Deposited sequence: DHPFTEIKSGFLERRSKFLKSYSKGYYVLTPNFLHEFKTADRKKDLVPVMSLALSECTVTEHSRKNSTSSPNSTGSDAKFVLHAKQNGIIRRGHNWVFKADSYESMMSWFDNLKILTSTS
């Protein structure tokens, strides 16, 4: 089961409506940030959602001392309404910055 993954791992996404974080298993490719319900990379291969990097940017992130959050901004209507913003939370500042920087270089 090869896969052109640039980064993978669990992230929590804040829901503005549910007022809580939903954890998923995320996989970054050159085209999409995909969410899967689980990390079973051999069997769980229908994405919950696929966010097109061509129309997303990463804007802000936590300053080191949770300090492990970043914002993904939508430039066009898709999974996210144009102009709207999703907040992600990683395990640590360092992990967050790995996600942030990898996303940044694919969304310039």
Query - Deposited sequence positions missing from the model - stretches, numbered from 1, in order - result: 1, 67-75, 119-120
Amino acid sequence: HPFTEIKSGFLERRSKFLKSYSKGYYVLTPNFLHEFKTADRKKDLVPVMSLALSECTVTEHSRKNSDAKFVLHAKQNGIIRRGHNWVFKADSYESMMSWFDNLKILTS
From here on, numbers count along this sequence of modelled residues.
Query - Coordinates absent for residue 30 in a third or more of other entries - result: no
Requested in this report: Would you mind checking whether residue 76 is unresolved in the model of at least a third of the other PDB entries compared?
Outcome: yes
**Report entry** Higher-B stretch (mean Cα B-factor, as the entry records it), 33-41 or 70-78
**Finding:** 70-78
Query - Per the entry, higher mean C-alpha B factor between 14-22 and 93-101 - result: 14-22
Query raised in the report: What third of the chain, by the recorded C-alpha B-factor, contains residue 65?
Result: highest
